[PDB]
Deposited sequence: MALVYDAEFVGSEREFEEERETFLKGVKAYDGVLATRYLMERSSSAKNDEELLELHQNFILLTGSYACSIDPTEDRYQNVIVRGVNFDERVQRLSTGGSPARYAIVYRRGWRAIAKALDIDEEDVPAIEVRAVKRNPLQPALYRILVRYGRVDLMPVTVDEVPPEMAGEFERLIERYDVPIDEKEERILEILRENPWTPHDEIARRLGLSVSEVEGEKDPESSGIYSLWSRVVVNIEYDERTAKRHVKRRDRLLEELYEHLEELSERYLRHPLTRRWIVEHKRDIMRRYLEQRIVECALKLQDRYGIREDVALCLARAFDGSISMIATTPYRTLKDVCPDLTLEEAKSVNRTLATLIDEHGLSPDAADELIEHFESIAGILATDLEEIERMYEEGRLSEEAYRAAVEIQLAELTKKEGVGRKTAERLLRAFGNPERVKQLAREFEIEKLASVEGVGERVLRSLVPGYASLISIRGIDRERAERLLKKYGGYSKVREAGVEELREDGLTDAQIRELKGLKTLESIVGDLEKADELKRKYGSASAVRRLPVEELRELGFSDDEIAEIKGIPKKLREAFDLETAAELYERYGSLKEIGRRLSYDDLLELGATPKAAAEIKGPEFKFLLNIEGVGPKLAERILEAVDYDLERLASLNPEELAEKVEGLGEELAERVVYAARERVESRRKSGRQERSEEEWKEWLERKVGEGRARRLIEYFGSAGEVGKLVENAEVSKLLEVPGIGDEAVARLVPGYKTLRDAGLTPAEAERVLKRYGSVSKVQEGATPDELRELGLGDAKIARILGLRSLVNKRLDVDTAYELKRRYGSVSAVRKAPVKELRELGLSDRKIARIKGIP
């Protein structure tokens, strides 16, 4: 068994009220477990909808009591979870906080707290707060509230859950204006689609690990946990709302149990009473555990390719929890499952994998970092001088200590302009790289520049939008910081009103360059107007290609409108401005504007057959489209082919039957004589004779194809006899069925009769 422990150092009074709080939590979480038990089998739409709400209500109250654990954040010490000291982990965080509540947010973290409070009134006095799918709140936010003991923020009734803490979580994020890095934006993208997307799924879709997605439960980190921490610490604590919540929840917990009892009869023989849950607690927990072990073991095989026996071993030893395994040191994993290979361990523990493969650490040195900092994010969240203090006190080996420092430095030196000495100076002045990165995002340019080594290039790579503004001539460092802070980033500086920027001290040339209004100010002399059009429409091409009515409507004179559209003056007073523009932006220029069946009918007929391009080639070559149409009707193939760009393909599309004759091996001239003489390939097959085709200069081979005789010529019959055989009888098929003696009367030999018949 792994080590869970904690000692209570509060007074006797504080011991009593703390056990009171924890036991209420256990009782609330029993409701989560009991309702979960019922939800395993569906009933009816209205029944399990009522059951779901009850479930969520238990989740809220469990969360609320969890928030109340360790209010003064000093009633516990030496909080140990699975051999790991949580006191040291929470103290390293910039916001600190209760190590007890910190433990609760972890799976089975309640075990350390239950031991400290001597909870023995119930078999498995669990309090969990990691519900995802059925959580009435945004799951990450829910855990962060518990972490920060926000009794004031945690709702005590599903009906009183603010949308901004659930589906509309975006409203809460935008309300307090916190810095958000690129990775966090990628995560929020997924969560906007589905706020209740599991973190393993988010990681899978972003090509990240769970740890990268989650981050530390502190503002100075990166991930969804860090983002929510960044928001929540900005929300002032409401003591009155907290006390109202505390005043109401005990009574609410009883109502939920009364509701549970009545609703349970709708699902079972006997009601689910408080007494029933307590007595069957151990069996309910075991049932949950065994089915989690199965699912976990399968996942270890499917996703991580771990052997079955090893997977089953790991799953049981760690409560069927992948996230518990993924944060467990290699040695601890190998102690409970000796058959585990390092590659298998590196497969599930991405932190271990990265520390070894991407940072050349030994497994033992990596295990030090995992036990002390949990992940890379933990190292980045930790102040440099704190890591150095840990080394001096002999609580970190040399290999582990130096690797920590290198990881902390590399986070900054990967930026252009930042060397080791400058990176180190930034860490000593601002603690950790995450703080340094957040200062840049808050545009604290002067603050960062107070450090030696931090000049223009460093500021260009660290501070978002700084390089963009400082590139504009006449804008120095001081003004860049003012503009960035005032409007909240480069893009919003660029969106600011013209008059605003002028009174900020910017020149019209600077504003023009900022908004890219150059080509639009050339079109119209005003800058505000040019910006309004850039805003209202899209580009210079959009304003230019606008209808003339709307341009006059915008306040443009007809002189300007023609100038904008580029309409020359012999076109302006020749027509009205409406038609003058219509004709100009239809053709290239002025001189290109200088451009049984009728002419237009023949034109559109040609454009349908050979295309508009090839048709114009024909119209230009000859007199008109009516002349081309006259050649087509007379099967003048050769003369049509005299046109450059017009080959067999186009001619075949123009004159019917030509392709057929070309396929049969006839030259264009030969096909022309046939089409002229007979009119159509159909009438050729129906009426033309071999003697007539030989007159047109055709050889016996082509004639066979033309008359469709090759199905008889192949039987070593000549064209003449095949033609006569195909004529007297219906078709080629009918000849084969003809009487033998009837063939003999026609003069056919026994060998030819044999070839025909078989």
May I ask you to mark the stretches of the deposited sequence that the structure leaves without C-alpha coordinates?
1, 597-689, 853-854
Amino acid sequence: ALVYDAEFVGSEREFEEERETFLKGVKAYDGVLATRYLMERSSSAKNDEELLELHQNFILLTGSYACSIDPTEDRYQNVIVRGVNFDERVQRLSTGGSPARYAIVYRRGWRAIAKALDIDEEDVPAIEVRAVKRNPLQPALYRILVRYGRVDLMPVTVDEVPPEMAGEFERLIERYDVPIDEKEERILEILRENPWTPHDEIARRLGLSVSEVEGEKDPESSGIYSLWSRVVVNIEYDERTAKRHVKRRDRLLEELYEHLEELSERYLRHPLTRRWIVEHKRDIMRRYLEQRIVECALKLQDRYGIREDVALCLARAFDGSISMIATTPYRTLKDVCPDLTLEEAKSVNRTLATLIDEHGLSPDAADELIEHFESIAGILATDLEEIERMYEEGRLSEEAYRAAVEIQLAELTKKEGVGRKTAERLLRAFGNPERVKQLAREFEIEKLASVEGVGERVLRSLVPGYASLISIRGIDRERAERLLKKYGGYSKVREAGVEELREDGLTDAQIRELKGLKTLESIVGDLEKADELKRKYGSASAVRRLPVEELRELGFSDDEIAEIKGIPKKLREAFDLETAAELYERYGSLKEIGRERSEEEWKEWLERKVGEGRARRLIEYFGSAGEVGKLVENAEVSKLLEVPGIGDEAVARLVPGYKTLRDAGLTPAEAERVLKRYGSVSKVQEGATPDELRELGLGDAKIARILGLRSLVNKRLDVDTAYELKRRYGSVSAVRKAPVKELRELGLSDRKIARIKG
From here on, numbers count along this sequence of modelled residues.
Comparing average C-alpha B factors as deposited, tell me which of 741-749 and 16-24 sits higher.
741-749
Higher-B stretch (mean Cα B-factor, as the entry records it), 6-14 or 732-740
732-740
One of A100, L533, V158, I173 has the largest Cα B-factor in the entry, namely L533
Go through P136, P195, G629, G149 one by one and give the residue whose Cα B-factor in the PDB entry is largest.
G629
Could you look up the Cα B-factor of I706 in the entry and say which third of the chain it sits in: lowest, middle or highest?
highest
Going by the entry, which third of its chain does the Cα temperature factor of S539 land in?
highest
Could you say whether, by C-alpha temperature factor, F318 belongs to the lowest, middle or highest third of its chain?
lowest
Temperature factor at the Cα of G497, chain-ranked in thirds, falls in the lowest
Consider only the C-alpha atoms of the modelled residues in this chain, order them by B-factor as the entry records it, and name the third containing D691: lowest, middle or highest.
middle
